[PDB]
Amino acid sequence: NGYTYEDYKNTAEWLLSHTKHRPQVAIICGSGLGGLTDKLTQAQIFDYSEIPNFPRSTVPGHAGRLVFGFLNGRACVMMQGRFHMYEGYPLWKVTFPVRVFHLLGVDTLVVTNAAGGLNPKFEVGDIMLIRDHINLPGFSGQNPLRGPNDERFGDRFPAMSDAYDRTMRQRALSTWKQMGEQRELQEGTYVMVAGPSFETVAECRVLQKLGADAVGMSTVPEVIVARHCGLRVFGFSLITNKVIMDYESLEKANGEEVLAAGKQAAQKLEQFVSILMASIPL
């Protein structure tokens, strides 16, 4: 890890002295979900590039910013553009923001992402509440906590079986119903794979056989660092496509559609997140 405790501290204090905002809830916007930033009020934008120690967003579109504001009665800080292992960043950079949030005073992390559906019951547009995850990269060594542990953040061996807050998941399922929606709110296991190339049929079958319901290339690292910090964690995936699971089909998964699904059924997640803020204690 190239960061010392001092680095996270200096970044936090810099942000704290450059904004009057004092966030409680940190929100990481997934692909095609950045619009969520338009709902904040008293918004204050910071480009990643101007924040000390922040990983500088190479060329996804040069759009990387931290937005502080209020979302439905709660002090928030949103990440529009998140870092991925596939871009070359080691996991300790990918999750650097998370530790910064903790030092800013955040106690809750909401993570969102787009994902391929592995469970056949899913349909494009569906929203999957994350009940659990399978950290394939972590099994091999790619775990954001690798390296000496700093007691100031947490313990050497944090547990992850209760990573996704049960209370929030319940309140989430409730909220979704209180709103009265067509499709039900899906729930399941998210499996992380490094990417960036999409899965083959054989691989799709492997992930299904392991019990995963949705597949993506992010999130798990941020969740592990958040939990290591003591943060309350809740999140979901926007199923942007159904992964090909048999050779009959003659269609390919593309980053184009993922942003397209995250175009129509996108605002659906946005509203759900804003409303869900009232369900977050303080």
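Residue indices: 1-based, along the sequence shown.
Participant: Regarding 209 to 217 and 33 to 41, which shows the higher C-alpha temperature factor on average in the entry?
Facilitator: The recorded data point to 33 to 41.
Participant: Between 24 to 32 and 249 to 257, which has the larger average Cα B-factor in the PDB entry?
Facilitator: Stretch with the higher mean C-alpha B-factor: 249 to 257.
Participant: Name the residue from 80, 200, 140, 186 with the greatest C-alpha temperature factor listed in the entry.
Facilitator: Answer, based on the entry's C-alpha B-factors: 186.
Participant: If I read the C-alpha B-factors straight from the PDB entry, which of 110, 98, 91, 173 is highest?
Facilitator: Highest CA B-factor of the listed options: 173.
Participant: What third of the chain, by the recorded C-alpha B-factor, contains residue 120?
Facilitator: For residue 120, whose C-alpha B-factor we compare with every modelled residue in the chain, the answer is the highest third.
Participant: What third of the chain does residue 224 rank in for C-alpha temperature factor, lowest, middle or highest?
Facilitator: It belongs to the lowest third of the chain when residues are ordered by C-alpha B-factor.
Participant: Please place residue 162 in the lowest, middle or highest third of its chain according to the CA B-factor in the PDB entry.
Facilitator: According to the entry, residue 162 has a C-alpha B-factor in the chain's middle third.
Participant: By its CA B factor, does residue 105 count among the lowest, middle or highest third of the modelled residues in the chain?
Facilitator: Residue 105: CA B-factor falls in the middle third of its chain.
Participant: How does the C-alpha B factor of residue 61 compare with the rest of the chain: lowest, middle or highest third?
Facilitator: According to the entry, residue 61 has a C-alpha B-factor in the chain's highest third.
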